[PDB]
Amino acid sequence: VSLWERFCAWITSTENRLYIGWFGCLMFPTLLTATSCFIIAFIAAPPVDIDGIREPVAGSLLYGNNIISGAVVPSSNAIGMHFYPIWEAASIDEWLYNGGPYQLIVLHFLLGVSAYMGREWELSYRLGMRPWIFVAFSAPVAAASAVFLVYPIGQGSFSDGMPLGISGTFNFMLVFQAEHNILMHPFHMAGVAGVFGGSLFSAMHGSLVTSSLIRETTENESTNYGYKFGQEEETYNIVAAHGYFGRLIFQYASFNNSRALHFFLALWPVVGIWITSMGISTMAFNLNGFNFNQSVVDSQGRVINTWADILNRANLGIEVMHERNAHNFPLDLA
Amino acid sequence: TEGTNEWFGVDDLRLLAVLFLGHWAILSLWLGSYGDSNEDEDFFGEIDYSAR
Amino acid sequence: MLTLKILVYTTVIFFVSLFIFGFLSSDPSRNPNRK
Amino acid sequence: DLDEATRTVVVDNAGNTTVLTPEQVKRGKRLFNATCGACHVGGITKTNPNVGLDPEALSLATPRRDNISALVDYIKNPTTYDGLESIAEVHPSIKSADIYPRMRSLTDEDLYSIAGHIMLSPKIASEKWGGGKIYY
Amino acid sequence: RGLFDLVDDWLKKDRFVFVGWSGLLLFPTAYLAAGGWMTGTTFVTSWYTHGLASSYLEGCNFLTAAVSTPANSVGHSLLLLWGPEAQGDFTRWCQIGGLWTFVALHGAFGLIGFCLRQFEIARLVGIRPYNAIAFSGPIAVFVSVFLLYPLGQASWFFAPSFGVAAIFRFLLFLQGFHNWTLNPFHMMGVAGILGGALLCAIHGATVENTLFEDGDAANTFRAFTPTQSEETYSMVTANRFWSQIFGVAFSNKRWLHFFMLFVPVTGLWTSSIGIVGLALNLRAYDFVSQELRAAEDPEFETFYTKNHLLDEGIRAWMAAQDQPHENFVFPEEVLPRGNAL
Amino acid sequence: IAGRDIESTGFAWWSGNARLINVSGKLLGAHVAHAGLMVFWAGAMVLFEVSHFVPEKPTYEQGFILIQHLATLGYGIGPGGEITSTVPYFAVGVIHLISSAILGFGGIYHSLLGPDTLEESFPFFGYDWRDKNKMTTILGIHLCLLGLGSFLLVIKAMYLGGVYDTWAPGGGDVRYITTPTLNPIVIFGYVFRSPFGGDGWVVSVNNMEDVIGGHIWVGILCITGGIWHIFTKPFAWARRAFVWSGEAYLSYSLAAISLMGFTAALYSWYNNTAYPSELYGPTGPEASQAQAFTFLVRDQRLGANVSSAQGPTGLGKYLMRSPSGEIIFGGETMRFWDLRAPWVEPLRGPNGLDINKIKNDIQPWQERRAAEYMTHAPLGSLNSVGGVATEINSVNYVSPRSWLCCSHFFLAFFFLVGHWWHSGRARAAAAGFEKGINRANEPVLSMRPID
Amino acid sequence: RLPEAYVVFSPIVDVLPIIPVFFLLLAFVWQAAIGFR
Ligand code: CLA
Ligand code: CLA
Ligand code: CLA
Ligand SMILES: CCCCCCCCCCCCCCCC(=O)OC[C@H](COP(=O)(O)OC[C@@H](O)CO)OC(=O)CCCCCCCCCCCCCCC
Ligand SMILES: CC1=C(/C=C/C(C)=C/C=C/C(C)=C/C=C/C=C(C)/C=C/C=C(C)/C=C/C2=C(C)CCCC2(C)C)C(C)(C)CCC1
Ligand SMILES: CC1=C(/C=C/C(C)=C/C=C/C(C)=C/C=C/C=C(C)/C=C/C=C(C)/C=C/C2=C(C)CCCC2(C)C)C(C)(C)CCC1
Ligand SMILES: CC1=C(/C=C/C(C)=C/C=C/C(C)=C/C=C/C=C(C)/C=C/C=C(C)/C=C/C2=C(C)CCCC2(C)C)C(C)(C)CCC1
Ligand code: OEX
Ligand SMILES: [Fe+2]
C-alpha cells in the first residue's frame with residue numbers, strides 16, 4: 001500500500017526483463033559510469049604522464065592508435081596511491097594529464113563487479129535455486145581485484161596497475177615477469193593447470209554428451225532440434241558415455257554420478273583461479289617466485305648454467321629496459 | 001587538498017547537508033511502512049513472515 | 001570542482017541508502033517458499 | 001677439482017703465496033654471505049658501486065688491497081679508497097664494532113677465511129665476481 | 001573362423017585395459033615417449049648441446065630439468081640410433097641430444113595411436129566420434145610446435161625442450177624474437193582457452209545449483225542413480241536465471257554441450273595456424289604506421305612502442321647465452337641498458 | 001554410531017563437522033579444542049624461535065614473526081631495537097604451551113564424554129540458535145572480555161613496564177605512555193579517513209599515544225556494548241534483517257574476520273609504529289626512500305650541489321617537489337613521499353626535507369640506517385633468497401613483513417569466500433530450498449511468460 | 001638459543017610447531033579407521 005512497499009515489490013520482482021535487485025541499486029550506476037567513461041577515454045583522451053617524468057604516453061584512438069595499441073593509461077607515478085577524483089584536480093585538463101580516468105573507471109568497475117556478483121546471489125534466492133553460482137564468479141573477481149587493486153597497493157602506485165588495453169596488457173605481463181618471476185611461482189603454475197585442465201574437462205565433457213545423443217531427428221535437419229525445451233526426458237544415454245570413458249582410460253576413473261561429474265567441472269578451474277589470484281597478491285608485496293640462479297656448481301665452484309639461468313637472462317633484459325627513463329638508482333625498489 | 005584527514009571527505013560544511021538529507025529522505029520512506037510497527041512482537045523461527 | 005562534488009554525494013548516498021534500507025525491508029521473507 | 005694450485009692465494013704485500021685448507025674455503029663462504037654479503041654480494045657494492053671487490057678494484061686502492069694481509073688490515077681499520085681518512089664509523093669493522101653487532105664475535109682465523117673467500121673467488125669465477133648483472 | 005577373426009576377437013575382448021587394434025601403435029610408442037622423458041630428465045645432460053645442466057644428476061629439480069633439443073650443427077637430422085651421427089653408440093647418442101627426437105617422434109606416433117584409439121572404442125560402443133575430433137585440437141598443437149616449428153627454423157635446436165622451465169624460456173624466446181602476443185592467432189587462442197575454462201565453470205556451477213530434490217539428505221551427490229531417465233536439473237530454471245542476470249542464455253542442452261566442444265578446440269586450431277606462420281618468420285612484428293610516425297616524431301609514444309624496447313632487451317641480453325653455437329660476443333657497450341639500471 | 005553416519009544425519013564424512021550444528025556439547029568441545037591448537041602453536045613456535053636465536057644477526061634477518069610481537073610489548077628489547085635477554089621470551093612460550101594441555105583436555109573431555117546437548121542438564125550454558133535473547137547474552141559475555149583484553153594493553157603501556165616506542169625521543173626504547181590521546185575527534189578521526197594514499201584509513205596511526213589512547217576507546221565501547229547486548233534484545237529492524245540460525249552466525253563472523261584479516265595484512269606493509277622497522281625490517285615504502293637517501297649522501301661528498309642537480313628526465317635527481325608542494329626524494333621513490341620514518345623525520349620541516357639541514361646536519365647513524373634498510377629491502381622469493389627477482393643465490397633473507405602481508409592477506413580472501421559459502425547456505429537453509437528444487441512445485445513454472 | 005637448563009631439549013622443540021599439521025592428518029586417519037562412516 002505504501003510507496004516503499006510498492007517500490008520494493010518492483011525492484012525485487014523476477015518479472016522484470018532483467019532482474020535489478022538490491023545489488024543492482026549499486027551495480028547499474030557503477031558499471032554504466034565505468035562504461036560511459038571507458039568508451040570516451042578509449043576513443044578520445046589526450047596523452048597521459050604515466051612515468052611521472054612528464055613524457056605523456058598516448059593511449060586513445062584519436063591520437064593515432066588502433067584496437068591493439070590503444071589503451072586507457074594508468075595514472076601517474078607522481079600521484080601514486082593518492083585518491084585523485086575530478087573535484088580534487090582544479091581543472092579537467094589537469095585531471096586528464098595526470099591519469100585521471102584510470103581511477104574513475106577502475107573504482108567504479110570493482111564496485112560494480114562486486115555488486116554483479118552479489119546480484120547473482122540475490123536472484124538465486126528469489127528463484128528457489130541453491131545459491132552458489134556467485135562463489136564460482138568469485139574467481140575472476142579475485143583476479144580482477146588482484147591486478148587493478150591489490151597490485152597497485154603493495155607496489156604503492158596505480159601506475160604499476162594494469163593498463164586498460166590490449167598492448168598494455170602485455171606491457172603489464174612482461175614487466176611483471178622481470179620484477180617478480182611469475183612463471184616459477186607455484187600459483188601461476190596452479191592456474192595454468194586450472195585453465196589447461198579447465199579447457200580439457202570442458203571439451204572432454206562436451207564431447208561425451210554430444211557423442212551419446214539419442215536419435216530424435218532425421219539426417220536432413222539439425223542435430224540440435226531433438227531437444228525440445230523444458231522436456232523431462234533425458235537427452236543422452238549417460239550409460240553409453242560412461243562405458244566409453246570406462247574403456248578409454250580404465251573403469252574406475254569414470255564418474256558414473258552426473259552430479260559429482262558436474263561438480264568437478266566447477267571445482268578445478270575456480271580453485272585454480274583462486275590460487276592464481278593469490279599469486280599476484282603475494283607477489284604484490286614482493287614475495288616473488290622461485291630463484292634458482294647460480295644453483296648448480298661443480299666441485300671447483302664454477303657456476304654451471306641451468307634452464308633457470310637462461311630464463312634469468314630473459315628477465316634481465318626486461319628489467320634493464322622497463323621504464324627506461326624513470327629510474328635513477330641501481331635497484332628497482334618499485 | 002587531497003591528503004587531508006577529514007571525515008568522509010567532507011571538506012566544506014555544505015556537503016554534510018547533502019549526506020543528512022540523503023539517508024533521511026529514504027529513511028522517512030522506509031518508516032512509512034516498516035516504521036510505526038510493534039517493536040514487541042517476537043517469533044521462534046529463523047525468519048519472520050509477519051506483515052508488509 | 002565543489003559543484004560536481006555536491007552532485008556525487010547526492011547520487012552515492014541515494015543508491016547506498018536504497019541498498020541499506022533494501023535489506024532492512026524484511027528481505028529474508030521475500031522467497032518463493034512462503035510470502 | 002679444488003686443486004691446491006687453485007687454492008693457493010697471495011698472502012702479503014711482497015707477494016708470497018700460501019694455500020687455503022678446505023675448511024677455510026667453506027667457512028669463508030658461510031661467513032661472507034652472513035656478514036658481508038648483504039651489500040658485497042658477488043663482488044659488487046650495493047651502496048657505493050664505484051668501489052667494488054674486483055681484483056682490479058682492490059689493486060687500484062692507494063694501499064694495495066689484494067693480499068690476505070691487506071684485506072684483514074682493511075677489516076680492522078677501513079680507510080677510504082684513497083686511504084686518507086677512516087670510514088670505520090660507517091663501514092662495519094673491528095675498531096668500530098660497538099655499533100655493528102654483527103662483528104662483535106670474530107676471531108683472527110674467521111677474518112682469515114672471509115678474506116680468503118674474497119681473494120679465491122675471482123680465481124674460481126673470472127668474470128662473474130663483481131661484474132654486475134651483465135655477468136650473472 | 002579364420003586367422004584374422006581370432007586376432008580381431010582377442011584384441012577387442014573385455015579386459016582391464018582395452019587394447020584393440022590401435023593399442024599396437026599406442027602402447028609401444030607412448031611407453032617409450034614417457035620413459036624417454038623420465039630417463040632424459042633424470043640422467044642425460046645438456047652440457048654438450050646447449051651448455052646447460054638439465055638432469056637430476058646435475059642438481060636440477062623438477063622445474064629446471066629437461067630433455068633438451070640437439071645442437072645446431074646436427075641441423076634437422078632425425079638422429080637415429082644407428083644413424084650417421086650416433087653410429088650405434090648409445091652414450092654418444094644421448095650426448096648429441098638423441099633422446100629428444102626419440103621422445104618427439106615416438107610421441108607423435110602416440111598421439112596418432114591415441115586418436116585412433118578414440119575411433120575404435122566409439123565404433124564398438126556405438127556412439128558418434130566427437131572425442132576423436134576434439135582430440136585433434138591437441139594434435140594440432142603438438143605437431144605445429146614440436147614438429148612444424150623447428151622444421152621451418154634453422155634446426156631442431158629452436159624447438160621446445162621437454163621440461164618445465166625449458167618451455168618457459170620458449171615462451172620468452174617467442175616474445176622477443178617473434179612478438180608472439182601481437183599475433184591474432186594467439187589472440188584467438190587465448191579467447192578459446194580462457195573461454196573454455198569459463199564454460200565449464202559456469203556449466204559446472206549452474207547444473208549444481210538447479211538440482212532437484214531427490215532425497216532427504218543434505219548431500220546432493222547421493223541422490224543420483226546413473227540409469228534414471230528423469231533429468232537431474234531444471235533447465236527451465238537455469239534459463240530463467242541467466243536470461244535475467246546476463247540477458248541471454250542457452251535454451252538447448254544439445255547446443256550447449258556442443259558449444260563446450262567448439263570453444264576450447266577452435267582456440268587450439270586458430271593458435272596452431274599462427275605458429276606455422278612463425279616457422280617461416282612471417283610474424284606480426286610491427287605496425288608500420290606506428291613505426292613511421294615514431295621515427296619522424298620523437299615525442300609520440302604508445303604502449304605499443306614500449307613493447308619494442310622490451311623486446312630489444314630480450315633480443316640482446318639472452319641471445320649471448322641462448323645460442324652458444326653462434327658465438328655472440330657482445331661488448332658491454334652495445335647491450336641496451338636503460339638509465340641507471 | 002547414531003549421529004555419526006550419513007544415514008542418521010545426511011552429511012558425508014568430508015562435511016563431517018556440520019553434524020555438530022545441532023549438538024551443543026560436541027560443538028563446545030570442538031571450539032575449545034581448536035582454541036587448544038591456536039595456543040599450542042604460539043607456545044611451540046616461540047620456543048622454536050628462541051632456540052634458533054643468534055645475537056649477531058638482527059631480529060628481522062633471522063626470519064622470526066612471533067618474538068617481534070613481544071618486543072613491541074617491550075620484553076627483552078633494548079634501545080634501538082637490540083634484543084638483549086631472550087629469557088622472557090622463553091617464559092611466554094611456555095605459558096602458551098602448558099595452557100594448551102589444559103585447553104586440550106577440555107576439547108577431549110567436552111567432545112568425547114560431555115553430554116551432546118547442554119540444554120538438558122545445564123540451563124545456563126545450554127542454548128538454541130533460534131533463540132535471540134540467549135545469543136545476545138553469549139555475544140555480551142564475550143564482548144566484555146574483549147573490553148578487558150584491550151585494557152591489558154593500556155595497563156601494560158601506562159603502568160606495567162611500558163611499550164616500545166620507535167618514535168621515543170633519544171632513540172627507540174621502552175617508554176611509559178604517560179598521557180594518551182583521548183580526543184574522539186582524533187581517535188575516531190582515523191576510523192573515518194579515506195583508505196587511499198595519504199590518508200590510509202586505520203594503518204596510518206603514527207605515534208604510540210594514539211595507539212594506547214585508541215585501545216582505551218575500544219575498551220570503553222566493548223564494555224558498554226557488552227553490557228548493551230546482555231540487557232537488551234534485538235530491535236524490530238534487527239529482527240527483520242537477519243537470519244537467526246546456526247550457520248548464519250558463522251557467516252557473519254567470516255565476513256568480519258576477513259575485514260580484520262586484510263587490515264592486519266596492511267598494517268604489516270605500511271605501518272612502522274606498531275611494527276617498528278628496528279624489529280620487522282624496513283617497510284615497502286621505507287626501503288625505497290633509504291636508497292635515494294644513501295646516494296644523496298654519496299654524491300654530496302663529491303662536492304655536488306644536490307638541490308640543483310638536474311635529473312635525466314628534467315626533474316630532480318635527488319630532491320624534487322611533490323604534487324602538494326613538499327620537498328621529497330626523486331626517482332621511482334616519488335610515489336612514496338608520505339614515508340614518515342624515525343630516521344628521516346629529523347630532516348623534516350614545515351615544507352619538507354630542509355635543504356639547509358641536508359647540507360649540514362646528516363648524522364652517521366642515519367647513514368648506517370639507510371644503508372642497512374637498502375640492503376634488507378622487503379623483496380624476496382619463496383626459496384628465501386633476497387634481492388630482486390633476478391638476484392643470484394647468495395643471500396638468505398625474506399622480510400617478515402612480506403610473510404605477514406602475503407599469508408594473512410592470503411587467508412583473508414578465503415574467509416571472504418567463507419562468508420559467501422556459509423551465508424548462501426544459511427539463507428537458503430532458512431528458506432527450505434538448500435536441498436534442491438521440488439519436482440512437484442517448481443517456482444519458475446508459476447511465474448509470468450519469460451520474455 | 002634456549003636457557004642453559006634447556007639446551008638439552010633443542011631437538012624436541014624443533015619438531016613442535018609441525019605438530020598442529022599432524023592434527024589435520026589425524027582426522028583423516030581417524031576417518032579411514034572408522035571406515036568413512
Ligand atoms: C579442528 C579440528 C577438528 C576438531 C576439534 C574436530 C572435532 C570433532 N569432530 Mg571432526 N573433522 C575434522 C576436524 C576436526 N573435528 C576434519 C578436518 C574432518 C574431515 C575429515 C572431520 C570429520 C569428522 C566427522 C566425519 C565427524 C567428526 C566428528 C567430530 C566430533 C566428535 C568426534 C567423536 O566423538 O568421535 C570419537 C573420536 C575419536 C575416537 C578420535 C580419537 C582421537 C583423539 C581424540 C586424538 C587426541 C590426540 C591428542 C594429542 C591427545 C591430547 C590429550 C590431552 C590429555 C593432552 C568432534 C567434536 C563427528 C561428529 O560430528 O560427532 C557428532 C563425526 O561424525 N569429524
Ligand atoms: C569456554 C570453555 C568452556 C566452557 C563453556 C565449559 C563449560 C562447561 N564445562 Mg568445561 N572445561 C573447559 C572449558 C569449558 N567448559 C576446559 C578448558 C576444561 C579442562 C580443564 C574443562 C573441563 C571440564 C570438566 C572436567 C567438567 C566440565 C564441565 C562443564 C560444564 C559445567 C561447568 C560448571 O560446573 O560450571 C561452574 C564452574 C565454575 C564456576 C568453575 C570455574 C573455574 C574456572 C577456573 C574459572 C575460569 C577463569 C577465567 C574465566 C578463565 C581465564 C582464561 C581465559 C583467558 C582463557 C559446563 C557446560 C563439567 C560437566 O560438564 O559435568 C559433567 C565437568 O565435569 N568441564
Ligand atoms: C563484536 C561486535 C558486535 C556485534 C557482532 C554486535 C551485534 C549486534 N549489535 Mg551491537 N554493539 C557493539 C558490538 C557488537 N554488536 C558495541 C561494542 C556497541 C557499542 C557502541 C554496540 C551497540 C549496539 C547498538 C546501539 C545496537 C546494536 C545492535 C546490534 C545487532 C545488529 C545491528 C548491526 O550490526 O547493524 C550495523 C549497523 C551499523 C554499523 C550502522 C547503524 C547506524 C545507526 C542505526 C544510525 C542511528 C544512530 C544511532 C543512535 C547510533 C549513533 C552512531 C552513528 C551511526 C550516528 C546485533 C545483535 C542493534 C540492536 O539490535 O540492538 C540490540 C542496535 O541498535 N549494537
Ligand atoms: C548490466 C548487465 C546486463 C547484461 C549485459 C548484457 C551483455 C550481454 C551480451 C550479449 C551476448 C550477445 C551475443 C549473442 C549471442 C546469441 O544471441 O546467442 C543466443 C544463444 C541462445 O541459444 P539457444 O539455446 O536459443 O539456441 C538453440 C539453438 O537455436 C541454437 O541455434 O544464447 C547463447 O548461447 C549465448 C551464450 C553465450 C553468450 C555469448 C556472449 C559473448 C560475449 C559477447 C562477446 C561480444 C562482446 C564484444 C564487445 C566488443
Ligand atoms: C629411454 C630408452 C629406453 C627406456 C625405456 C623405458 C623402459 C623407460 C621406462 C621408464 C619409466 C616408465 C620411468 C618411470 C619413472 C617414474 C618416476 C621416477 C616417478 C616418480 C614419481 C614421483 C616422484 C611422484 C611423486 C608423487 C607421489 C609419489 C605421490 C604424491 C603425488 C606426487 C605426484 C608428488 C629404451 C630401453 C627403450 C632404450 C631407448 C631409450
Ligand atoms: C576432539 C577431536 C579431535 C581434536 C583433537 C585436538 C584438537 C586435541 C588438542 C590437543 C591439544 C591442544 C594438546 C596439547 C598438548 C600439549 C601438551 C601435552 C604440552 C605439554 C608440554 C610439555 C611437555 C612441555 C615441556 C617442556 C618444558 C616444560 C620446558 C621446555 C622444554 C619443553 C618444551 C619440552 C580430532 C581433530 C582428532 C578429531 C576427532 C575429535
Ligand atoms: C585501537 C586503535 C584505534 C581505535 C580503533 C577504533 C576506535 C575502532 C573503531 C571501529 C569501528 C567503529 C568500526 C566500525 C565498523 C562498522 C562496520 C564494519 C559495519 C558493518 C555493517 C554491516 C555489515 C551492515 C550490513 C548490512 C547492510 C549494509 C544492509 C542491511 C543488512 C546488514 C545490516 C547486514 C585507532 C584508530 C585510534 C588507532 C590504532 C589503535
Ligand atoms: O612504475 Mn610501473 O614498473 Ca613497478 O618496478 Mn619500479 O615502479 Mn615503475 O619501475 Mn619497475
Ligand atoms: Fe554437462
# chains A, B, ... in the order shown; residues from 1 in each chain; ligands from 1

call {"tool": "residues_around", "arguments": {"residues": "residue 108 (chain E)", "least_positions_apart": "4", "cutoff": "10 Å", "atoms": "only C-alpha atoms", "output": "PyMOL selection string"}}
result
chain E and resi 29-30+33+102-104+112-114+139+142-143+146-147

call {"tool": "write_last_selection", "arguments": {"atoms": "N, CA, C and O atoms", "output": "compact mmCIF listing (two decimals), in the first residue's frame"}}
result
# COMPACT_ATOMS: atom_id res chain seq x y z
N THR E 29 54.50 -47.02 -28.46
CA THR E 29 55.09 -45.71 -28.69
C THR E 29 54.86 -44.74 -27.54
O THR E 29 55.69 -43.87 -27.31
N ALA E 30 53.76 -44.87 -26.81
CA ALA E 30 53.54 -43.97 -25.68
C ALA E 30 54.40 -44.36 -24.50
O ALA E 30 54.81 -43.48 -23.73
N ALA E 33 57.86 -42.78 -25.28
CA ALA E 33 57.92 -41.33 -25.16
C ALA E 33 57.94 -40.91 -23.70
O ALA E 33 58.70 -40.02 -23.32
N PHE E 102 63.89 -38.89 -30.02
CA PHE E 102 63.27 -40.15 -29.63
C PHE E 102 61.96 -39.91 -28.91
O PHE E 102 61.00 -40.66 -29.08
N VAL E 103 61.91 -38.88 -28.07
CA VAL E 103 60.68 -38.55 -27.37
C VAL E 103 59.67 -37.95 -28.34
O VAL E 103 58.49 -38.33 -28.34
N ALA E 104 60.12 -37.04 -29.20
CA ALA E 104 59.20 -36.32 -30.07
C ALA E 104 58.65 -37.21 -31.17
O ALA E 104 57.48 -37.08 -31.55
N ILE E 112 49.03 -40.09 -32.71
CA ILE E 112 48.35 -40.81 -33.77
C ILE E 112 47.64 -42.03 -33.20
O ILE E 112 46.45 -42.24 -33.45
N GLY E 113 48.35 -42.82 -32.41
CA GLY E 113 47.78 -44.05 -31.89
C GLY E 113 46.74 -43.83 -30.83
O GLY E 113 45.94 -44.73 -30.59
N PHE E 114 46.73 -42.67 -30.18
CA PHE E 114 45.69 -42.42 -29.20
C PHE E 114 44.44 -41.87 -29.85
O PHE E 114 43.34 -42.09 -29.34
N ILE E 139 46.36 -32.44 -31.05
CA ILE E 139 47.29 -32.92 -32.06
C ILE E 139 47.84 -31.76 -32.87
O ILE E 139 49.03 -31.71 -33.18
N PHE E 142 50.70 -30.09 -30.77
CA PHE E 142 51.95 -30.83 -30.72
C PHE E 142 52.69 -30.76 -32.04
O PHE E 142 53.89 -30.51 -32.07
N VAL E 143 51.97 -30.99 -33.14
CA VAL E 143 52.59 -31.05 -34.45
C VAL E 143 53.12 -29.69 -34.85
O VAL E 143 54.27 -29.56 -35.29
N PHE E 146 56.11 -28.72 -31.71
CA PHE E 146 57.24 -29.61 -31.51
C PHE E 146 57.77 -30.18 -32.80
O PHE E 146 58.90 -30.67 -32.83
N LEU E 147 56.99 -30.15 -33.88
CA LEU E 147 57.47 -30.64 -35.16
C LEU E 147 57.54 -29.55 -36.21
O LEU E 147 58.63 -29.28 -36.71

call {"tool": "interface_residues", "arguments": {"of": "chain F", "to": "chain B", "cutoff": "10 Å", "atoms": "only C-alpha atoms", "output": "MDAnalysis selection string"}}
result
chainID F and resid 129:132 185:186 188:194 196:201 233:237 239:246 248 324 338 426:427 429:431

call {"tool": "write_last_selection", "arguments": {"atoms": "N, CA and C atoms", "output": "compact mmCIF listing (two decimals), in the first residue's frame"}}
result
# COMPACT_ATOMS: atom_id res chain seq x y z
N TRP F 129 19.99 -21.98 18.66
CA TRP F 129 20.45 -20.98 17.71
C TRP F 129 19.32 -20.03 17.35
N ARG F 130 18.08 -20.50 17.42
CA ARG F 130 16.95 -19.67 17.02
C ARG F 130 16.58 -18.69 18.11
N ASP F 131 17.04 -18.94 19.34
CA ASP F 131 16.82 -18.01 20.43
C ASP F 131 17.60 -16.72 20.19
N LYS F 132 17.00 -15.60 20.54
CA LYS F 132 17.63 -14.32 20.31
C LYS F 132 17.98 -13.59 21.60
N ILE F 185 37.67 13.33 18.41
CA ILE F 185 37.86 13.91 17.08
C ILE F 185 39.16 13.39 16.48
N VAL F 186 40.11 13.01 17.32
CA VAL F 186 41.38 12.46 16.84
C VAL F 186 41.31 10.95 16.74
N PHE F 188 38.56 8.73 16.75
CA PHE F 188 37.67 8.42 15.64
C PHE F 188 37.97 9.26 14.41
N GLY F 189 38.98 10.13 14.48
CA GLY F 189 39.50 10.73 13.27
C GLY F 189 40.06 9.71 12.31
N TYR F 190 40.74 8.69 12.84
CA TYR F 190 41.32 7.66 11.99
C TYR F 190 40.25 6.82 11.31
N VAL F 191 39.21 6.46 12.06
CA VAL F 191 38.25 5.45 11.60
C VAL F 191 37.42 5.98 10.44
N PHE F 192 37.32 7.30 10.31
CA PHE F 192 36.59 7.89 9.20
C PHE F 192 37.49 8.63 8.23
N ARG F 193 38.71 8.16 8.01
CA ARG F 193 39.54 8.70 6.95
C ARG F 193 39.31 7.93 5.66
N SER F 194 39.87 8.46 4.59
CA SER F 194 39.92 7.71 3.35
C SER F 194 40.88 6.54 3.51
N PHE F 196 42.65 5.48 1.03
CA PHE F 196 43.57 5.56 -0.10
C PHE F 196 44.90 6.13 0.36
N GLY F 197 45.72 6.51 -0.61
CA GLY F 197 47.04 7.01 -0.29
C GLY F 197 46.98 8.35 0.40
N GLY F 198 47.95 8.59 1.28
CA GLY F 198 48.00 9.81 2.05
C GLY F 198 47.16 9.79 3.30
N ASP F 199 45.94 9.27 3.24
CA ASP F 199 45.13 9.16 4.44
C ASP F 199 45.38 7.81 5.07
N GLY F 200 45.06 6.72 4.37
CA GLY F 200 45.48 5.43 4.88
C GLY F 200 44.73 4.98 6.11
N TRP F 201 43.50 4.51 5.93
CA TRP F 201 42.38 4.55 6.87
C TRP F 201 42.69 4.35 8.34
N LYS F 233 17.71 -6.92 23.87
CA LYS F 233 17.10 -7.79 22.91
C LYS F 233 17.10 -7.08 21.57
N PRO F 234 17.29 -7.80 20.45
CA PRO F 234 17.36 -7.13 19.15
C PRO F 234 16.07 -6.42 18.77
N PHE F 235 16.22 -5.24 18.18
CA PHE F 235 15.10 -4.37 17.88
C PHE F 235 14.25 -4.91 16.74
N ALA F 236 13.26 -4.12 16.36
CA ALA F 236 12.34 -4.53 15.31
C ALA F 236 13.03 -4.60 13.97
N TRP F 237 13.92 -3.66 13.69
CA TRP F 237 14.59 -3.66 12.40
C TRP F 237 15.69 -4.71 12.36
N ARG F 239 15.51 -7.67 13.83
CA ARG F 239 14.93 -8.99 13.72
C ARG F 239 14.43 -9.26 12.31
N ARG F 240 14.27 -8.21 11.51
CA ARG F 240 13.76 -8.41 10.16
C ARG F 240 14.88 -8.59 9.15
N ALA F 241 16.10 -8.20 9.51
CA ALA F 241 17.17 -8.15 8.53
C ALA F 241 18.04 -9.39 8.57
N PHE F 242 18.03 -10.10 9.69
CA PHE F 242 18.98 -11.18 9.84
C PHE F 242 18.31 -12.53 9.67
N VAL F 243 19.14 -13.56 9.64
CA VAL F 243 18.71 -14.94 9.72
C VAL F 243 19.21 -15.49 11.04
N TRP F 244 18.30 -15.96 11.86
CA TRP F 244 18.64 -16.39 13.21
C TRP F 244 18.75 -17.90 13.14
N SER F 245 19.91 -18.38 12.71
CA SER F 245 20.17 -19.80 12.65
C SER F 245 21.63 -20.04 13.01
N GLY F 246 22.04 -21.30 12.96
CA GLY F 246 23.37 -21.65 13.41
C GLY F 246 24.45 -21.23 12.44
N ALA F 248 24.20 -19.07 10.03
CA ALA F 248 24.18 -17.66 9.67
C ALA F 248 25.06 -16.85 10.58
N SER F 324 51.77 18.09 -3.88
CA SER F 324 51.19 19.02 -2.92
C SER F 324 52.16 20.13 -2.54
N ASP F 338 54.96 9.99 1.29
CA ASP F 338 54.35 10.04 2.61
C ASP F 338 55.13 9.27 3.64
N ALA F 426 23.09 -20.70 4.57
CA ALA F 426 22.29 -20.41 5.76
C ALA F 426 21.05 -19.62 5.42
N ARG F 427 21.13 -18.74 4.43
CA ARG F 427 19.94 -18.03 3.98
C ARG F 427 19.00 -18.98 3.25
N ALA F 429 19.01 -22.38 3.81
CA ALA F 429 18.52 -23.37 4.76
C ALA F 429 17.37 -22.82 5.58
N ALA F 430 17.34 -21.50 5.77
CA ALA F 430 16.22 -20.89 6.46
C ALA F 430 14.97 -20.90 5.60
N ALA F 431 15.13 -20.90 4.28
CA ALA F 431 14.01 -20.81 3.37
C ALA F 431 13.54 -22.17 2.87

call {"tool": "atom_distance", "arguments": {"atom1": "CA of residue 152 (chain E)", "atom2": "CA of residue 307 (chain E)"}}
result
25.7 Å

call {"tool": "residues_near_ligand", "arguments": {"ligand": "ligand 9", "cutoff": "9 Å", "atoms": "only C-alpha atoms and all ligand atoms", "output": "PyMOL selection string"}}
result
(chain A and resi 202+205-206+208-209+258+261-262+265) or (chain E and resi 200+203-204+207+253+256-257+260)

call {"tool": "write_last_selection", "arguments": {"atoms": "C-alpha atoms", "output": "PDB file, in the first residue's frame"}}
result
ATOM      1  CA  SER A 202      35.200 -28.661 -20.897  1.00  0.00           C
ATOM      2  CA  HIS A 205      32.593 -33.372 -21.089  1.00  0.00           C
ATOM      3  CA  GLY A 206      31.132 -31.585 -24.078  1.00  0.00           C
ATOM      4  CA  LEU A 208      30.874 -37.251 -24.367  1.00  0.00           C
ATOM      5  CA  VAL A 209      27.429 -35.706 -24.228  1.00  0.00           C
ATOM      6  CA  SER A 258      26.491 -36.910 -13.142  1.00  0.00           C
ATOM      7  CA  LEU A 261      30.810 -35.011 -12.563  1.00  0.00           C
ATOM      8  CA  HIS A 262      29.206 -31.595 -12.950  1.00  0.00           C
ATOM      9  CA  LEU A 265      33.858 -29.086 -13.694  1.00  0.00           C
TER      10      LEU A 265
ATOM     11  CA  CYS E 200      32.996 -25.402 -17.605  1.00  0.00           C
ATOM     12  CA  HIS E 203      28.042 -25.183 -16.584  1.00  0.00           C
ATOM     13  CA  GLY E 204      29.586 -26.722 -13.521  1.00  0.00           C
ATOM     14  CA  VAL E 207      23.857 -27.632 -13.024  1.00  0.00           C
ATOM     15  CA  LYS E 253      21.208 -28.857 -23.931  1.00  0.00           C
ATOM     16  CA  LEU E 256      25.105 -26.154 -25.010  1.00  0.00           C
ATOM     17  CA  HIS E 257      27.322 -29.204 -24.824  1.00  0.00           C
ATOM     18  CA  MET E 260      31.542 -26.555 -24.878  1.00  0.00           C
TER      19      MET E 260
END

call {"tool": "residues_near_ligand", "arguments": {"ligand": "ligand 6", "cutoff": "7 Å", "atoms": "only C-alpha atoms and all ligand atoms", "output": "list in words"}}
result
residues 29, 30, 33, 34, 36, 37, 40, 94, 97, 98, 100, 101, 103, 104, 105, 107, 108 and 111 of chain F; 6, 9, 12, 13, 23, 24, 26 and 27 of chain G
